[PDB]
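To keep things clear, I will list the structure first and then write my remarks on it.
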Amino acid sequence: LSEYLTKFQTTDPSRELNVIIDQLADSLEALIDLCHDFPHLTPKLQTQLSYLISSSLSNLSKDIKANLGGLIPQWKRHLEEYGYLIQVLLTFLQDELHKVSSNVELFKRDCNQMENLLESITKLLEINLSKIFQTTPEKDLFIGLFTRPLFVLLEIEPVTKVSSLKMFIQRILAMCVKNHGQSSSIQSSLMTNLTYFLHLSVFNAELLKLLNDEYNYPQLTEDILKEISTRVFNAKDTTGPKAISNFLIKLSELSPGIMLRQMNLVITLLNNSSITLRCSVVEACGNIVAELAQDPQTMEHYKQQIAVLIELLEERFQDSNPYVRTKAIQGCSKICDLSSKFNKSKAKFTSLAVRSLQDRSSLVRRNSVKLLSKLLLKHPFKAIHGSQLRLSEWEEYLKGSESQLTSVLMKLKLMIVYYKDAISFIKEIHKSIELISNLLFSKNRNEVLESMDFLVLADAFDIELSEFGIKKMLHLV
Amino acid sequence: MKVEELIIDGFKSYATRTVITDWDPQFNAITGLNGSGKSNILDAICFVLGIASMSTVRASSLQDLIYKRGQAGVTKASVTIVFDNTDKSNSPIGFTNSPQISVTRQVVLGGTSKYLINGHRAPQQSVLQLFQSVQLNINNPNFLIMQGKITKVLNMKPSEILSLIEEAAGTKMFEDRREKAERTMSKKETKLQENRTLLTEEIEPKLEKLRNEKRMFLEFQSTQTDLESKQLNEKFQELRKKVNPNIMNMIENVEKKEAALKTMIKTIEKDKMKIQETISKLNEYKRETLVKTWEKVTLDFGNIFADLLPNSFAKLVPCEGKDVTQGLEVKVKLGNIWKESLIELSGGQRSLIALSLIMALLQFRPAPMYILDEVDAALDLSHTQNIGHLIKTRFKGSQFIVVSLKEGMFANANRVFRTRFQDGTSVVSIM
Amino acid sequence: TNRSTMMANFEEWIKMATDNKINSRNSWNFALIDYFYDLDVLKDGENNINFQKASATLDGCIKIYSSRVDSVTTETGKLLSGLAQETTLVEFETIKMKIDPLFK
DNA sequence: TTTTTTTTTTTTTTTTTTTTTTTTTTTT
DNA sequence: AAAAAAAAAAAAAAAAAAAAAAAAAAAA
Ligand SMILES: Nc1ncnc2c1ncn2[C@@H]1O[C@H](COP(=O)(O)OP(=O)(O)O)[C@@H](O)[C@H]1O
Ligand code: BEF
Ligand SMILES: [Mg+2]
C-alpha cells in the first residue's frame with residue numbers, strides 16, 4: 001500500500017478488458033496495468049471501464065450495507081485496492097482535463113464519467129467504514145486517497161463552475177467532516193485553496209453552509225473563522241486577502257448566525273491595513289444584522305452581539321479611505337430598509353449621514369444622500385398621525401400637547417418624547433436638504449442625479465424648504 | 001492614411017465646432033488672408049498626432065491652445081482626425097482589421113491630453129505607436145515643415161539629418177524602442193533578483209524546518225498505532241507541540257509551487273536570452289538596411305535637385321573622418337564647382353534643396369501625408385509654379401496639405417480650402 | 001498548413017498586445033517570443049526585415065516579459081503568505097472638503 | 001425576469017518625462 | 001582677455017497602473 005502510493009506519486013487492450021468484465025461479474029495486476037495507460041488508450045474503452053468499476057463499487061457498497069467476526073480483513077483489503085484504483089482514475093481524469101479549457105465534446109464526456117464516479121464514491125462513503133479500519137492512520141490515509149484528488153480537481157475552474165460536480169464534492173466533504181472526524185485536514189485543505197486561489201471562496205462558503213444546515217456541525221466553520229482571524233498577510237500578493245474577503249462576504253450573506261459566534265474574534269481583522277479585508281468585515285457585520293433582524297428569537301438571544309456589531313457599524317464611518325465608509329453606509333441602508341425596531345439607531349444613522357454629507361469622497365456623499373433618501377421614504381414616524389411632516393404643523397401640535405399636559409401621565413410622556421424625536425428628525429432633514437442643495441453643483445453625474453432624486457422625494461414628502469432645492473434644480477439647466 | 005475629415009472645436013481661433021470634409025487624396029491646398037487660420041489648421045492637425053514640444057506650435061503651455069486661455073466661456077478644446085483604411089498596405093499594424101480609424105485629443109482646464117481611438121479612451125503612448133507605425137512620428141518629423149523653417153532645413157545638425165534618413169525604411173521607431181525595452185528589462189531584473197533573494201534567503205530555511213517536522217510525524221504515527229502504556233500516553237501528550245498533523249499535504253503543495261516557480265524563473269531567463277540575441281541580429285541587419293536607405297536617398301536627392309535646377313547637383317555624405325552612422329551632411333555643386341559652405345547659398349536655393357530632399361524621401365518611401373506651411377516664401381513665381389506642377393503631376397503618391405499665399409501652387413490644386421476670420425472665429429469654405 | 005496557423009496566431013497576438021489586453025493571468029498561454037526568435041515571420045517577400053512588424057514583436061515580447069515577471073512576483077508573495085503561519089481610525093476633521101451657467 | 005460576465009468610467013497612487021539652473025570646458 | 005558648446009542634478013508637470021462602482025449585452 002505505502003509502496004504503491006510512493007511509486008504512483010514518484011512516477012490490443014480490448015481483449016483483456018472483456019476478460020476483466022467477465023471475472024468481476026494475477027488478474028489484479030492486469031487491471032492496474034490497463035488502467036495505467038489512459039493517456040494513450042482510446043476514449044471509447046475508458047467509458048466502459050469507468051462504468052464497470054462504478055457498478056462494481058456500488059455492488060460492493062450494497063453488499064456491505066446488507067451485511068451491516070466475519071471476513072473483515074478481506075473486505076478491508078478489497079476496499080483498499082478499490083480506493084487506490086479510484087484515486088488512479090481521478091488523477092488520470094483530471095489529467096488532460098487541466099489541459100482542456102486552459103475539445104468541448106471530450107469535456108462533456110469526461111464530466112459525465114466524473115459524475116458517474118461521484119455517485120460511486122458517495123455510495124462508498126455512505127457506509128460507516130469506522131470498524132473496518134481500527135487504526136486512525138489507516139483511515140486518514142484511505143480518505144486522503146479520496147480527498148486529495150478532489151481538491152486537485154477543484155483546482156480547475158470549470159469544475160467549480162459546474163453545479164453537479166460542485167454539489168457532489170460539497171456532499172462528500174460534508175459527510176467526511178460529519179462522520180470520519182477529519183475536520184482538521186479538511187480545514188487545512190480549504191485554507192490552502194483559499195490562500196492560493198480566488199475562485200474557491202464561494203465554493204468554501206457554500207460547503208460550510210451545507211455542512212451546517214444539513215448536519216448540525218458548526219465546529220469546522222468556527223475553526224475556519226478562528227484561523228482566518230489569527231492569520232497574517234503580506235503586502236505584495238493581496239490575493240489571499242481578496243479571497244478571504246470574498247469568502248467572508250459570501251458566508252455572511254448565506255449563513256450569518258453561525259459566523260456571529262466567532263465574529264467577536266473576527267473583528268480583530270479590522271486592525272489590518274487590508275482595504276479588502278476591512279470592507280469585507282464591515283459588509284459581513286451589516287449582512288449579519290440585516291438577516292438576523294428578522295427573527296425575534298434571534299434578537300432575544302443575541303441582543304448584545306447585534307448591538308456591538310451595530311455600534312461598530314456606526315463607529316467605522318471614520319477612516320482614511322472612503323471604501324469602508326461606503327460599505328458601512330450600505331450596511332446602514334440595509335438596516336433602515338428593514339422594517340423593524342431600533343429607531344434610536346435610525347436617528348443615529350440620520351445624524352451620521354447629515355454630518356458626513358460634507359465628505360471629500362463623492363462616493364461617500366452619494367451613499368449618504370441615498371441613505372437619507374431611504375430614511376425619508378421609510379421613516380418610522382408614519383404609523384399614526386399621517387405620513388406628511390411640516391415644521392410649523394409639528395411645532396403647533398407639540399405646543400398644543402404641552403398646553404394640554406399613571407396611564408395618562410405615561411401617555412403624555414410618550415407623546416412628548418415622540419414629538420421631540422420627530423422635531424429633531426425634521427430639523428436634521430432640513431439641514432440635510434440645505435446641504436444637498438448647496439452640494440448639487442458637483443462634477444459627478446451620478447452624484448447630481450442622486451441628489452436630484454433626493455430633492456424630488458423631499459418635495460413629494462412636503463417640506464417647507466423643498467422649494468429651495470426645486471429652484472436649485474431649475475437652475476441646473 | 002488618406003484623412004477625409006477634420007473636426008476642430010475650441011482650438012485656438014476655431015472656437016465653434018468646425019468640420020471640414022471632402023479631402024481630395026491627391027493635392028489639398030489652404031488659402032486665406034493673414035491670420036485667417038491656415039497655420040491654425042496645421043497646428044490643430046499637429047495637436048491630434050501627439051506633439052510634445054509645446055514651443056513648436058506657437059504656444060507655451062496646454063492652456064493657451066483653448067480659444068482664450070481658460071477664459072471667454074470656452075473650457076475644452078477637442079481635435080478629431082479621421083483617416084481611411086481602404087489600402088491595407090499603408091495601414092497600422094495593430095489596426096488592420098478596423099477601417100476608418102479616428103483619433104481625438106481633448107484638453108480641459110482640469111484634465112490634460114485625453115486621447116480617444118475609435119471612441120475608446122487610450123493612453124498617449126497608444127496613439128504614439130499608432131502614428132509611428134504609419135511614419136507619422138511628429139516628435140521627429142520627416143514630412144512636416146512649419147512656417148519660416150524651410151530656409152533653416154540646411155541649418156540642422158548632421159545628427160538630425162541622420163535621424164531624417166532613419167525615419168525612412170523603418171530604421172527609426174527602433175532605436176528609441178530598443179532603448180525603452182532595455183530600460184524596462186533592467187528595471188524588471190531588479191524585481192527578479194529581489195524574488196530570487198527572498199526565494200534563497202527565507203523560503204529555504206523554512207524548507208529544512210518543515211523537513212525536520214516531517215520526520216517527527218513518521219515516528220508519532222507508530223506511537224499512535226501502539227497507543228490504539230501510561231508512559232507512552234504521557235510521551236504522546238508531551239509531543240503534541242510540533243506534531244503538525246497536516247504536514248504532508250502542506251509540504252507537498254509547497255514543493256509543487258516551488259518547482260513551478262523555479263520553472264517559470266528558468267523560462268524567464270531563457271526568454272531574456274532569446275530577446276537579447278534577436279535584438280543583436282536585428283540591429284546588425286538595420287545597419288545594412290540604413291546603408292541601402294542612405295544610398296537610395298542620396299541618389300534620389302541628387303536626381304531631384306538636378307531636375308529642379310538644370311545646372312546644379314547635390315549629395316549626402318558622411319563626416320570628414322567619421323562613418324555614415326555618426327552623421328550625414330549635404331554637399332552642393334553649382335555649375336562645375338562644389339560649394340565648401342552652405343551658408344552662402346540663397347534662400348530660394350536652400351528652399352529648393354529642402355524640397356528636393358523631401359521629394360527624394362517621398363520617392364524612396366512615400367509617407368501617408370506631407371504638410372507644408374508657407375513653402376514658397378523665398379521662391380519666385382516661376383519656381384513656385386514649377387514646384388506646384390511637379391507636385392500635381394510627377395510626384396503624386398501621397399496626400400499634400402500645402403498652405404500657400406501665391407497663385408503658383410494653388411492655381412492647379414485639386415482641392416482648395418479658403419479661410420476667413422468671419423466673426424470671432426475662423427471658417428473654411430470650398431474653393 | 002502550419003504557416004497559415006502561425007500567421008493567424010501572430011496576428012491575433014499582435015492585436016491583443018496593441019489592445020493592452022495582456023496581463024498576468026494569460027502570460028503563459030500566448031508565447032510569441034518564440035516567433036520573435038525565428039525572424040521568418042517578420043520578413044517581406046524579398047528576404048527583408050519588416051521593421052513595423054519587428055517593433056510590434058518587440059512590444060509584445062516586452063509586455064509578456066513584464067506580465068510574467070509580475071506573475072512570478074505574485075506567486076512568490078503567495079508562497080510567503082502560505083509559509084508565514086493599529087489606530088486606523090482618524091479624526092473626522094481631515095475628512096472635510098475644505099453662477100457659472102448664466103455668466104457663461 | 002434574474003443572474004453572471006464584460007467594459008467602461010470613476011479617483012488615487014505612483015511612474016516617467018519634462019525644464020529648469022549650475023558649473024565645466026576649450027579655442028581664438 | 002574673451003566668446004559659445006556641453007555634462008550634470010533637482011523641482012514640477014504630464015501620464016500610466018491599480019482598484020472599485022455603474023452601465024449594457026448575454027445565458028438560464
Ligand atoms: N491661443 C490662441 N488664442 C486665440 N487666438 C489665437 C491663438 N493662437 C493664435 N491665435 C490667432 O490665430 C491667428 C493664426 O493665424 P495663422 O493661421 O498663423 O495665419 P496664416 O495661416 O496666414 O499663417 C493669429 O492671427 C492669432 O491672432
Ligand atoms: F534670396 Be533669393 F530671392 F533666392
Ligand atoms: Mg502662419
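If you're wondering about the labels, chains in the C-alpha cells are A, B, ... by order shown, residues count from 1 in each chain, ligands from 1 in order shown.
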Selection: 10 Å around residue 14 of chain D, only C-alpha atoms (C1' of nucleotides), excl. self and same-chain fewer than 2 positions, as a PyMOL selection string: (chain D and resi 12+16) or (chain E and resi 16-18)
For a quick test of understanding: name the residues of chain B lying within 6 Å of chain C when counting only C-alpha atoms, and present them as a compact mmCIF listing (two decimals) with N, CA and C atoms, in the first residue's frame.
```txt
# COMPACT_ATOMS: atom_id res chain seq x y z
N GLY B 73 -15.41 81.69 -21.86
CA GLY B 73 -16.50 80.74 -21.92
C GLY B 73 -16.08 79.36 -22.37
N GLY B 94 -1.48 47.26 -35.87
CA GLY B 94 -2.43 46.76 -34.90
C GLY B 94 -3.88 47.06 -35.22
N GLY B 170 11.89 52.32 -41.90
CA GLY B 170 11.68 51.78 -40.57
C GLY B 170 12.90 51.73 -39.69
N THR B 278 17.91 38.16 -30.43
CA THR B 278 17.10 38.70 -31.52
C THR B 278 17.39 40.18 -31.75
```
Neighbourhood of ligand 3 at 9 Å, counting only C-alpha atoms (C1' of nucleotides) and all ligand atoms, reported as a count of residues only: 14
Which of A:388, A:230, A:276, A:47 sits closest to chain E [using only C-alpha atoms (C1' of nucleotides)]: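 Nearest candidate to chain E out of A:388, A:230, A:276, A:47: A:276.
For chain A, the residues having at least one atom no farther than 10 Å from chain D, when counting only C-alpha atoms (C1' of nucleotides), are residues 361, 362, 363, 444 and 446 of chain A.
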Surrounding residues as a PyMOL selection string, ligand 2, max 6 Å, only C-alpha atoms (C1' of nucleotides) and all ligand atoms: chain B and resi 346-349+378
Chain C contacts to chain A at 7 Å (only C-alpha atoms) as a VMD selection string: chain C and resid 74 77 to 78 81 to 82 85 to 86 88 to 92 95 to 97
Distance in Å - atom CA of residue 431 of chain B versus atom CA of residue 66 of chain B: 27.8 Å
Please identify every residue of chain B that has at least one atom no farther than 10 Å from an atom of chain D, counting only C-alpha atoms (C1' of nucleotides), and for each give the shortest atom pair and the distance in Å to one decimal, arranged by chain then increasing number, as CSV.
```
residue,atom,partner,partner_atom,distance
B:52,CA,D:18,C1',9.6
B:53,CA,D:18,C1',9.7
B:120,CA,D:8,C1',8.9
B:121,CA,D:8,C1',9.2
```
Two-atom distance - atom CA of residue 346 of chain A, atom CA of residue 332 of chain A (Å):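 Answer for the atom CA of residue 346 of chain A to atom CA of residue 332 of chain A separation: 8.5 Å.
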Enumerate as a PDB file with N, CA and C atoms, in the first residue's frame the residues belonging to chain B that approach chain E to within 10 Å, with only C-alpha atoms (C1' of nucleotides) taken into account.
```pdb
ATOM      1  N   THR B 112      -5.678  66.808 -18.805  1.00  0.00           N
ATOM      2  CA  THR B 112      -4.518  67.033 -19.662  1.00  0.00           C
ATOM      3  C   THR B 112      -4.451  65.941 -20.717  1.00  0.00           C
ATOM      4  N   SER B 113      -4.699  66.315 -21.974  1.00  0.00           N
ATOM      5  CA  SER B 113      -4.425  65.481 -23.146  1.00  0.00           C
ATOM      6  C   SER B 113      -5.111  64.114 -23.039  1.00  0.00           C
ATOM      7  N   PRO B 123      -4.248  55.655 -23.969  1.00  0.00           N
ATOM      8  CA  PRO B 123      -3.161  56.482 -23.437  1.00  0.00           C
ATOM      9  C   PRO B 123      -2.435  57.230 -24.546  1.00  0.00           C
ATOM     10  N   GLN B 124      -1.585  58.172 -24.124  1.00  0.00           N
ATOM     11  CA  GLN B 124      -0.766  58.910 -25.080  1.00  0.00           C
ATOM     12  C   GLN B 124       0.176  57.978 -25.828  1.00  0.00           C
ATOM     13  N   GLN B 125       0.699  56.960 -25.142  1.00  0.00           N
ATOM     14  CA  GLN B 125       1.585  56.012 -25.803  1.00  0.00           C
ATOM     15  C   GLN B 125       0.876  55.341 -26.970  1.00  0.00           C
TER      16      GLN B 125
END
```
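What chain B places within 12 Å of chain A, counting only C-alpha atoms, is residues 110, 191, 195, 217, 218, 220, 221, 222, 223, 224, 225, 226, 227, 228, 244, 245, 246, 247, 248, 249, 250, 251, 252, 253, 254 and 257 of chain B.
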Emit the selected residues as an mmCIF file, in the first residue's frame, including N, CA, C and O atoms.
```cif
data_model
loop_
_atom_site.group_PDB
_atom_site.id
_atom_site.type_symbol
_atom_site.label_atom_id
_atom_site.label_comp_id
_atom_site.auth_asym_id
_atom_site.auth_seq_id
_atom_site.Cartn_x
_atom_site.Cartn_y
_atom_site.Cartn_z
ATOM 1 N N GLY B 110 -9.004 71.318 -16.340
ATOM 2 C CA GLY B 110 -8.596 70.365 -15.326
ATOM 3 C C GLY B 110 -7.767 69.218 -15.868
ATOM 4 O O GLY B 110 -6.668 68.951 -15.374
ATOM 5 N N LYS B 191 13.454 43.443 -9.811
ATOM 6 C CA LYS B 191 12.398 42.687 -9.145
ATOM 7 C C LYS B 191 12.670 41.188 -9.202
ATOM 8 O O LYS B 191 12.395 40.466 -8.237
ATOM 9 N N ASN B 195 12.988 38.730 -5.997
ATOM 10 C CA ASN B 195 12.248 37.491 -5.774
ATOM 11 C C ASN B 195 13.196 36.317 -5.569
ATOM 12 O O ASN B 195 12.951 35.457 -4.717
ATOM 13 N N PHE B 217 6.650 13.336 12.426
ATOM 14 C CA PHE B 217 5.314 12.728 12.221
ATOM 15 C C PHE B 217 5.461 11.245 11.944
ATOM 16 O O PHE B 217 4.626 10.482 12.445
ATOM 17 N N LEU B 218 6.467 10.860 11.163
ATOM 18 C CA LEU B 218 6.561 9.428 10.804
ATOM 19 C C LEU B 218 6.640 8.597 12.090
ATOM 20 O O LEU B 218 5.892 7.602 12.203
ATOM 21 N N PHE B 220 5.749 9.618 15.376
ATOM 22 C CA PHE B 220 4.486 9.835 16.133
ATOM 23 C C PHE B 220 3.338 8.979 15.596
ATOM 24 O O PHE B 220 2.462 8.620 16.395
ATOM 25 N N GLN B 221 3.334 8.648 14.301
ATOM 26 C CA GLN B 221 2.297 7.770 13.712
ATOM 27 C C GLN B 221 2.405 6.379 14.331
ATOM 28 O O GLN B 221 1.371 5.858 14.780
ATOM 29 N N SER B 222 3.607 5.802 14.343
ATOM 30 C CA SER B 222 3.801 4.486 15.006
ATOM 31 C C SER B 222 3.354 4.582 16.466
ATOM 32 O O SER B 222 2.598 3.698 16.899
ATOM 33 N N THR B 223 3.790 5.621 17.184
ATOM 34 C CA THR B 223 3.452 5.728 18.622
ATOM 35 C C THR B 223 1.937 5.673 18.781
ATOM 36 O O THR B 223 1.469 5.032 19.734
ATOM 37 N N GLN B 224 1.212 6.290 17.858
ATOM 38 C CA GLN B 224 -0.261 6.302 17.943
ATOM 39 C C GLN B 224 -0.796 4.891 17.729
ATOM 40 O O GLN B 224 -1.722 4.513 18.458
ATOM 41 N N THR B 225 -0.234 4.139 16.785
ATOM 42 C CA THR B 225 -0.815 2.809 16.478
ATOM 43 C C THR B 225 -0.627 1.870 17.669
ATOM 44 O O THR B 225 -1.491 0.999 17.856
ATOM 45 N N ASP B 226 0.454 2.031 18.437
ATOM 46 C CA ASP B 226 0.622 1.203 19.660
ATOM 47 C C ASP B 226 -0.401 1.658 20.702
ATOM 48 O O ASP B 226 -1.108 0.795 21.241
ATOM 49 N N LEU B 227 -0.460 2.966 20.966
ATOM 50 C CA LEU B 227 -1.440 3.526 21.932
ATOM 51 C C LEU B 227 -2.834 3.005 21.597
ATOM 52 O O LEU B 227 -3.543 2.601 22.530
ATOM 53 N N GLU B 228 -3.218 3.029 20.322
ATOM 54 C CA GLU B 228 -4.517 2.433 19.924
ATOM 55 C C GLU B 228 -4.495 0.950 20.301
ATOM 56 O O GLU B 228 -3.586 0.254 19.823
ATOM 57 N N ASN B 244 2.136 18.798 13.924
ATOM 58 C CA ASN B 244 1.661 19.239 12.616
ATOM 59 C C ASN B 244 0.986 18.088 11.876
ATOM 60 O O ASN B 244 1.569 17.531 10.938
ATOM 61 N N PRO B 245 -0.228 17.696 12.274
ATOM 62 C CA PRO B 245 -0.858 16.518 11.650
ATOM 63 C C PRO B 245 -1.048 16.648 10.148
ATOM 64 O O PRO B 245 -1.055 15.630 9.445
ATOM 65 N N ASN B 246 -1.205 17.867 9.631
ATOM 66 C CA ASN B 246 -1.398 18.098 8.204
ATOM 67 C C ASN B 246 -0.116 18.553 7.513
ATOM 68 O O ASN B 246 -0.168 19.347 6.567
ATOM 69 N N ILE B 247 1.038 18.065 7.971
ATOM 70 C CA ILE B 247 2.308 18.488 7.388
ATOM 71 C C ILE B 247 2.476 17.943 5.973
ATOM 72 O O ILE B 247 3.074 18.607 5.117
ATOM 73 N N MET B 248 1.956 16.743 5.698
ATOM 74 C CA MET B 248 2.199 16.099 4.409
ATOM 75 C C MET B 248 1.619 16.913 3.256
ATOM 76 O O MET B 248 2.322 17.229 2.288
ATOM 77 N N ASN B 249 0.334 17.261 3.345
ATOM 78 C CA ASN B 249 -0.308 17.987 2.255
ATOM 79 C C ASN B 249 0.313 19.364 2.067
ATOM 80 O O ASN B 249 0.554 19.799 0.933
ATOM 81 N N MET B 250 0.587 20.063 3.171
ATOM 82 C CA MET B 250 1.160 21.401 3.074
ATOM 83 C C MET B 250 2.552 21.363 2.456
ATOM 84 O O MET B 250 2.871 22.184 1.588
ATOM 85 N N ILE B 251 3.388 20.410 2.873
ATOM 86 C CA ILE B 251 4.740 20.339 2.327
ATOM 87 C C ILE B 251 4.704 19.921 0.861
ATOM 88 O O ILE B 251 5.500 20.408 0.049
ATOM 89 N N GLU B 252 3.773 19.036 0.488
ATOM 90 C CA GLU B 252 3.653 18.650 -0.915
ATOM 91 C C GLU B 252 3.234 19.835 -1.777
ATOM 92 O O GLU B 252 3.799 20.061 -2.856
ATOM 93 N N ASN B 253 2.249 20.608 -1.312
ATOM 94 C CA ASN B 253 1.823 21.787 -2.058
ATOM 95 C C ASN B 253 2.950 22.805 -2.168
ATOM 96 O O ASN B 253 3.158 23.401 -3.233
ATOM 97 N N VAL B 254 3.692 23.013 -1.077
ATOM 98 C CA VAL B 254 4.800 23.963 -1.101
ATOM 99 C C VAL B 254 5.863 23.519 -2.096
ATOM 100 O O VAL B 254 6.382 24.329 -2.872
ATOM 101 N N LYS B 257 4.581 24.094 -5.701
ATOM 102 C CA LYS B 257 4.584 25.506 -6.068
ATOM 103 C C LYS B 257 6.003 26.030 -6.253
ATOM 104 O O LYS B 257 6.258 26.853 -7.140
#
```
